[PDB]
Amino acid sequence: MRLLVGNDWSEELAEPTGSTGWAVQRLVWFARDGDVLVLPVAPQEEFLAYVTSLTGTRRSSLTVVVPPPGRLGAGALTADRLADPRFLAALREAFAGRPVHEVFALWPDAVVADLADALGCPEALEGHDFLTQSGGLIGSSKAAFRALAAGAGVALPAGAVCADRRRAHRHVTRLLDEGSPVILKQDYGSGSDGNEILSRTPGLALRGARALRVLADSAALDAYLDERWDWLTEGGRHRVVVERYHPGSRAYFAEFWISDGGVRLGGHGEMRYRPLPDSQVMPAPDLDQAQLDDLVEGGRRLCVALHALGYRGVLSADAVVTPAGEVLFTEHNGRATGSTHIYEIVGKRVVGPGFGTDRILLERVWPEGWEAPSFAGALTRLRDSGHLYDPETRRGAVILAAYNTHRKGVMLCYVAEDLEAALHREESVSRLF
């Protein structure tokens, strides 16, 4: 039995006040026979039956443990929920005298170490001591990324890490005067929401950032920084990354598993910003050999550094391929990502050895306008139309996520021989939702 923890973005970084308990149910993909899963919201049995039917895991061997709601409700595993004696009593009965062989958590946070210590199994949590000192936050710091990548000789867009407007102004101006647009990034931002593009020229597509600011001269930049610095620094708390922006780049990732033993490549893929990152394909398409070697080697060098300083868990290294074809790394993501369960479980375990050879994976966030009444309702239509993923042909749509009430959808992963065939499948499926 392993202890699987479906926790969210660190409580130390932000209040998870918007969480609904949906995203983390991806935890079930990782479950194997006998595991105990901690989730903020109990999954519907139909989702459990479906995922386990594909992974080959015996549903009846799993236990799901859900804490009582906490100070922020039930949407996320807050620290007070994981410390609740009612929850702890339920977790120990779930164990039923079994030792915890391994602790796996979606996010590398001190709360997970708190839990392991309360259960008297800190040895089952790799990187336990590191996490007690909140070292896992390094996995979500772009400032830390810039220094580690630079230190490791990993290719990086030109730039710097700024704690004050005076240095920020100097570095933005240096880059703008070279004819380049610039992207500013919150140290601990999540996704494009934490970034803004600054340009001397109008009309750039907003890929990887929430806004474009067109700044004519030094005085325009003065005005921008005076206006936006509080937001950029999250109220003066954190630094701001300044780096060169490369319009029209494609975005890629190589994700690794970092354990006491070392660094292991999990998978690679492309995140498609069209202009929002609403789909991904794995493995990485349209890279030539040198570029794929650089993406993986770069990511590996970064992880070897993170390993050496004590980080343990999943690590996604994000990069761009510029229009000129250069691979440049833009950040790392220390957590089980939106990609992790897709290549590691759906790809390698469900589809099999042909994933990466015979088949590709295409994930799409449930499209605008698509509608299904329920999980079972989505499964039925896919079943009946013949478009549901089929273990015998290794083709079709895999249901990745639980039913999302607020979106009235699930999430699908199309398995196919190539991108064209997966996009075709998807459009057939569009006639159902």
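All residue numbers refer to positions in the sequence shown, first residue = 1.
Mean CA temperature factor is higher for 343-351 when stretches 343-351 and 178-186 are set side by side in the entry.
Relative to its counterpart among 129-137 and 87-95, 87-95 has the higher mean temperature factor, C-alpha atoms as listed in the PDB entry. In this structure the maximum Cα B-factor among 235, 194, 203, 325 is found at 235.
Per the PDB entry, 272 shows the highest C-alpha temperature factor of the residues 264, 272, 213, 81. Sorting the modelled residues of the chain by their CA temperature factor places residue 375 in the highest third.
Residue 221: CA B factor in the middle third of modelled residues in this chain (values from the PDB entry). Residue 243: CA B factor in the lowest third of modelled residues in this chain (values from the PDB entry). The entry lists a Cα temperature factor for residue 166 that places it in the middle third of the chain's modelled residues. Among the modelled residues of its chain, residue 331 has a C-alpha B-factor that falls in the lowest third, as given in the PDB entry.
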